[PDB]
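Before I ask anything, here is the structure I am working with.
In this document, chain identifiers A, B, C, D, E, F, G, H and I correspond to the written order of the chains, with residue numbering beginning at 1 in each.
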């Protein structure tokens, strides 16, 4: 193909924009964003020891759930969406740094692929975290409906109380998963960055 | 690595030698010329830095007064072959008291190239083939003769043969421009036109080297005098 | 799979694939044909040029006055056997003052070809050799193989697209014995027609021949004398 | 498993596969047979016609090792031609030393030493041909031994090698070969080969016979054309 | 086999036409389609920070008021969804363009083969993510069908009928991530193909003095 | 990797040498030998696959020297190789030290030749075990067995082959009784051993019996006619 | 050329059948298929498949009378039926012809049999796509009537009409991409055959 | 352990009967059926361009009984035993091949992998043949459910075209099943006849 | 570990009973069950060529009792015990081969690899036997739910047309299972008998060390 100094350079600018962001994220956004989740987990609302008080009593219309737990779900949900955005920006940046395909000097390419495969674990888990939260709504909504359908069984009220604790338990887990999603990822990038951003090339043999 | 040097392919080729001819595509573009009035060889120096002296690096050296040389790919592989080529050339005159013909020059080089081997030999034997594409020209009582040689070791009489990275389109271009009785000065013209077109750098006296051989004039290396004239007389 | 690495490893069917691929490399190159009458023998070699600017390769190697050979296979691999075959023929006249018999020479060349085969590390020769010669018993056409096997043939065509050439040789084999030197070249060149496609057929430029005879020593012709040999023949 | 990759590596069942493949390489060769009797040892070889372009007598599988010693080979042809010169140079070094012709038991033993020497190392390969060594002498008489890819000598009253083997060996067992004479052996040797080979893959063939014994005056000699065709006509009686 | 003179030439013309058609795509249109989705994502419609007003509140007290779809998300996919399906159509011809350049099949000189295999593997990987989005695009519309119906059917529970609105904020947050990768698909596949264009269009040496 | 060539296994074994032990066992022939008071006898299985084969052309009893006999069990390819190599030694012994080589040094030199096969990775062990007999003026009858590994020791009663396990058991049963050692009655013990294991009652041409005595230090091979006499007539 | 008593009469019957497999498929591979390749690429350039504006595909739901199927959806499916039906038939005939072209398997590694599987791997991936295309055809009207039935259960839910509206847009684009796979089914297969046609046999040497 | 000659004599005669059947099955039965199945794929009763006989004019109250399609089921009446024939006979070929597996030992045991490739295809064939009876069942169930939903919702006319599509979907599958049955006999006898030399003698001859 | 004398006896009696059962498995059980099903296949009960008359059409309505197929229900009395028996016997074969596993060594392990291949071939049979148990319970679940569904739906008749197909598909499967069970008996015989040398004695214990 030919050369287009304008339209083709707009692609290089898109890469230089992600390269400018990547250095700005590592030096500024990531160290602050990782620390914000630390104080987020230290919040006394997530440190609650006794979950017997957060059990939502059902009146068996006068039907409602625990609002404090829902607010805890409303606080964690943006943090789950924030890491998914940062996960896609790094995944795109790692793909644009892949050099040409050659048999020799391909060890550094496999290093970039090894770090790239570490992201796949985060792509699946982060989507499973939000899907599991939305699944709790249907589980707790049907448990009350089944109790409202047949006004006999009292285990559905205990099932809601269990799912009240089941959400809070998985919240503290996900908060640690979100914090580890930034922290471990930020360490992996620093562990493979400096001289291994361009592992080989720009060296050659003095002759041919 | 999980393969041998002499292992045959299912298509009847050598893994080793096939990559030899595959390796020479990264060399420097050079073209030989055979004319009715003499033989002409040109080579691109391919200098990677101004601090590197293009005068010290020589890809065309004088074996005998008749015969020149050419180099491509790895330079030291050619130097190893030219050393013994100059020894047997003087061994010829040491016995028969005459200059070695251009054909007997390539016969000695073809023998040295065919000896490549590893096991069942002495440590002083060359294990792998050379990545050089050789062009041996010269003029004798038989007249101008130009031969082509690849890592295989064959030699064939040809008017012009292109070597190096541009040898693909150059050899087809040398066919079109060169015909019939075209002489030395007319050969240098079409030579520097095709070479300057294919190489990245523009033509300069220090970026390339040129030499010719005539029946009455022996091998003459062109100095700054002749080099600066032919580049502006293109 | 794992049996193709070297010559020493035998296949479970009892076949050496390196020797098999050695015969494949012979089919990868110029096709030559030769034949013998009760008197004269001719070797028709097909010269091929890589491009039109480059000239045609030399497929004929002169051995002795009574012996000549054509090469089909990897080019430079014949140079080692060439200088060896020439040295053996000189040593015959250097000691016995007699030309070495044609059948005895090929038996000695087949020995040097077979020795590196079974020994690991030595590459087998990947070039086929069609050799001819004349003696008191008449001319001889000896075709060899990279496996070191050599036969005795009235006419043989080797190389790529030699199928239709051999079929032509078999039906006309009865004539090859009774024809004179002129008719041997004619039908010998028309046998080379089947080795090439229907576009490029034959020219005097890319086709060279050689002949040996009763009172005639082995000679090599390329263009000049070949032009009247080709012309005057229907194809 | 990778246990067959070399001859120096033993099978976990205690076998050598590379030498066994060399025996399977002999199974690809054409059928050759030989028989010994009181008068001498009779040889025969099936010569396959690949194309009409071959001269009469080409692809000769009958090798002359020494004056009293002939040989017939089945396998890779060049491997036999290479060993044939080894056997000729060996018998020549014997007469140059001890001053007489080497007996068949001594020659077949020293050749087997060269055959088995190539089965020992990893740097070489065994011979891809199995051959027969006949001899005749007034001191001994008709003698026939057989060497295999493993380099072991086997004496036989009659034997068969090549592709079709077991079928030809049984036909030899059906008739006692020691009482018959060389003149009548070439009749049966011709009749067997006609029964052994049928036209399926290969097209045509010819009969190559060899004589050693009293009729040849203790010298390896090929069959004459007149007597060979005469024995073939008697063998054509079974074909008609 | 038996190759018809007319039928083969019809393909050979179309072999070159589809080959030159992708060259026009690989050169002019891919750098353009990278920056088109960039201006699409920079649109403030996808960048809205507050998702409270971005949901589709349902009126649940049957004569209960008609509950329509979400016109905000539907208008967003009106721009995004045609680009998602168009991308897959562009990649299929690239898959054809890569499979059209498959070199003459041989045992050796596979260096040009491994380049095309790794590129085709990554194009199929992106194509899988595109059709995976197309499933979730049509799936959320089926999610709204069950959520709104079950919420309007059950009037006793006053919470979960409001909790189905969280899927509206869920689709918006996922859409912004899907259109984010949608932009990268043109950029990632361009860098893979453009850098390797050396031996992709010519996966043959075809220098064989033998 | 260690299962192919000769290198030290993680358990300390050598598989290339052990696969050879199965190669001697693969030959399909069982051999037994017993050292008596005045004599040493060897009895091995003589197999004739086809009637076209000849007797004297195939034999398992070889003579290293006049006073030393040799029997071989395994793939015959390795059988003839060691015997020629052993004759290059036993004869060389007389050229240097000037007397018939003892059975002690003959087994020591042949072992050293086999020890190099195991130590040097270029070569391979040989697939035949060697049982050497003879007599000396001090220790009398000598019976040794050399494995391809290079180990050899004095064996009162030795066995080899597929039935070696069952052969060793019956050889123990005879010695457990303190069997009186006489020449021909010991020849029975070696023959009755192979006879009771396979439950056949072999023909005279199906076995090969060597003998050596104090009266006759020169190795001898028992005549098949004399074999028939001590098979049929004496089964007792 | 055999031993056992297997009947040559019926063997001649399967020979003529396998000779019919050889003769017909050679006319299918090098004549019928390249004729269809020209017809499939032009069938894509037809306005039937390639169209920019799909707003003509709607969900005429009255949610009370009957709710029928979208006209342009049914018409295009009826045009898609001969294409999927023919490509499944042709690729199954080439698969059997490929099994006939597979030589007698004895021993050794032949580079021929290697890609002969790859040619089968190509048709295997095509068969999976075609079985899925026909499977989606039955799922289009099955999920359509179920969505309209759910609309009759909850007439106040407008998501069903929008879902049927969005499915019809996906049904169209799938059909266009199905034919592109049908074109690539013949085109890629026909190309690979012309790339190496000498590898399927080892004789006439 | 001590072998039982009575158990050996029974099983050996059983496999010799399988070998006797295999001879008449492959060399005789298959070619006669291949020509019959090839003529049935060419028969107008199966191959038809005009599907108008497959139309489903839905008439949708107690209503009335809805029967099946006469053209499909009568065509299924011949199809079902043809599928039953290819299932049972390929199971007999599979049983014969499983009894041809040689003994185990390490000397030159290669080349037997050809047998592994033989039933590797028949394994995929039995999977397709199992789905043929299942697809025939899925037709009566899905067509009946669509008419049942049509009777429950007369205001949805999508089931009228749905039953019509199911009628044409099964009919197109019927012809494709016969194509797989003819190819089952053709490819099987083709692979066996090519490999039979080393299929009957996996290890060759000792 | 430490153990008493009764501990070895409890295991030894199990080793003796399972060994004698495995010996009676190969030379008694297998040759008896091969001809047993072969007589059932030749018996006119399973040999019926007409699958149209084996169907049991039921009316579509004090509603009359609707029985199942008399042929299929009677033939499953032959099929079901044979499915449970073979599954129980293969387990005794799988277990008895596991007791023959020699002391695990890191080399010369091919004798163990032979037993591993035998266990995988028996596990493949055991899996197909468990699939036969599903087939037995499938006909009762498919015919039962559908006929009542065909009973409650008088508008759609073709439900019974599938019920007619359940009768033909069952008899086709009822004969195919016992045909495979007899084949399984034949496969277990040829695999164990030919490999009996390396199954019982995987290691010759010829180690000179």
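Rule of thumb we're sticking to: contacts are C-beta pairs under 8 Å (C-beta built on N, C-alpha and C of every residue); 3 or more make two chains touch, one makes a residue touch a chain.
Minimum number of contact steps separating subunit E from subunit G: 1.
In terms of C-beta pairs in contact, G-H outnumbers the other of B-E and G-H.
Taking the CA centroid of subunit B as reference, the farthest chain centroid is that of I. The centroid of the Cα atoms in subunit F and the matching centroid in subunit H are 64 Å apart.
In terms of their C-alpha centroids, the spacing between subunit D and subunit H amounts to 55 Å. The geometric centre of subunit E is 50 Å away from that of subunit I, both derived from CA atoms. The multi-chain contact residues of subunit F, meaning those touching 2 or more other chains, are 3, 21-22, 25.
Under the contact definition stated at the top, the residues of subunit C that touch 2 or more other chains are 4, 11-13, 15, 28, 74, 119-121.
Touching of two or more other chains is recorded for residues 106, 108, 110-111 of subunit H.
By the touch criterion given at the top, residues 9-11, 13, 15, 18, 21-22, 25, 150, 152, 168 of subunit B touch subunit E in their complex.
Those residues of subunit H whose C-beta lies close enough to touch subunit C in the complex are 108, 110-111. Within the complex formed with subunit E, the subunit G residues making contact are 25-27, 29-31, 34-35, 37-38, 41, 111, 115, 147, 150, 153-154, 156-160, 162-163, 166-167, 169-170, 173, 176-177, 180-181, 184, 187-188, 190-197, 199. The residues of subunit C lying in touch with subunit D in their complex are 2, 7-16, 107, 110-111, 113-115, 117-121, 145, 147-149, 151-156, 166, 169-170, 173.
Remark: subunit F residues 2-3, 9-13, 15, 18, 21-22, 25, 147, 149, 151 touch subunit I in the complex.
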